[PDB]
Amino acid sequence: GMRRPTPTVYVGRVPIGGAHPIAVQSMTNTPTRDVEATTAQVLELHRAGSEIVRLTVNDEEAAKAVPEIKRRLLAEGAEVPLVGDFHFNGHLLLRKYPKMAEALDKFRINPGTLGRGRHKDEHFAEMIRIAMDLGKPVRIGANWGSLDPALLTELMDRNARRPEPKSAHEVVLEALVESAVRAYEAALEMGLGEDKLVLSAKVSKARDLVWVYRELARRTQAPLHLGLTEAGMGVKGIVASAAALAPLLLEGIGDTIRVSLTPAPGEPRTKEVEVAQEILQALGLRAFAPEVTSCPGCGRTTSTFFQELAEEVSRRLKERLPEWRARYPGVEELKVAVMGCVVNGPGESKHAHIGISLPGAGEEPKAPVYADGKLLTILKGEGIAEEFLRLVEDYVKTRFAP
């Protein structure tokens, strides 16, 4: 289950591929024609951790805005790469607005939103030609919400000739993979470099996504852009996204990710970037920020004190991070434990860089603190929380000193 080798594709300054960290990306939801709102959100997403940012380029007004958005970003020294998302008229917009084409750092094509049969091949070829002329990379991104219907008919007739035809659902997933593979092969044949081609083939159900990506990974050599499309709102969207991605990421499949959450009204667009980072950090693939390991608490602990302490520690680590990031290289790998009682508290604290085990039911009112697998001190009284946070600050300064 080691990382799938792939050629490197640069999206701006960010390399994508088997030799590189899995890159977090996101997409804006502001109208792209609104230069102020869109530039602000691109910066917001980038500051949250979005290494690459996509924006829809849906019409001429959007196309006209892109060079000004890019100008404004550069003016503040924000080197975030921009992906243009094209559907239906990508070939017209790229042809008509060469300054937009040049301002983007990558073009997204969807093989199912090119046009009707004869025109499809030529629309696709025009986009690919422009990308080659400008040295831009392309994502060929299929999505089962926009599956090429002629290809689906071809595969439905192939399936019908089988001694045991597969289900309609299965054929749809075959067709999605085929859509991406065919387009990938067509681009290569036209001369686009392996260093300029990323593929995706998204579906909205986890088990299907796994199947699809295993097929992509086997059939192609490209870096893969992995995501569960239309994952939805709230806890459902978070859970579905994690569930879908983890099996693939653990098998070494995927070179960049996007988490497709529906924000609740008033919820920041940066939530999807947090989720993406948590997925990669949970699986030990990247480290972005200190993490807190804590027990659920049970009838052995005093629920509110323990929950308050864990919350307070997490809050403080988040407040310290900007400073820590600047002073203490490697601090993103910090593991801190906050535990409710003696059953697992010392042991889990010993597995962390530093951890505290509160006293639970039946225990003397003292809280041992462990660091690097051994007892550091024992805390008691009021301000356990502030004392522990001081010990954590001390530990960081020593362990992650430059």
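Under this definition, the rigid core comprises the largest set of C-alpha atoms superposing within 1.5 Å between the forms. Heads up: residue numbers just count along the shown sequence, starting at 1.
When the other structures are laid on the shown form by the rigid core, the stretch among 274-282 and 295-303 with the greater C-alpha deviation in 7 other deposited structures of this protein turns out to be 295-303. Relative to its counterpart among 108-116 and 309-317, 108-116 has the higher mean temperature factor, C-alpha atoms as listed in the PDB entry.
As the entry records it, the average C-alpha temperature factor is higher for 69-77, out of 210-218 and 69-77. Going by the entry's values, 329 shows the largest Cα B-factor out of 252, 84, 329, 141. Ranking 223, 165, 296, 263 by the C-alpha B-factor listed in the PDB entry places 165 at the top. In the deposited entry, the Cα temperature factor of residue 288 sits in the bottom third of values across the chain's modelled residues.
Residue 348 sits in the lowest third of its chain by CA B factor, as recorded in the PDB entry. Annotation for residue 176: C-alpha temperature factor in the lowest third relative to the rest of the modelled chain, per the entry. Residue 149: CA B factor in the highest third of modelled residues in this chain (values from the PDB entry). In this PDB entry, the Cα temperature factor of residue 57 sits in the middle third of its chain's modelled residues.
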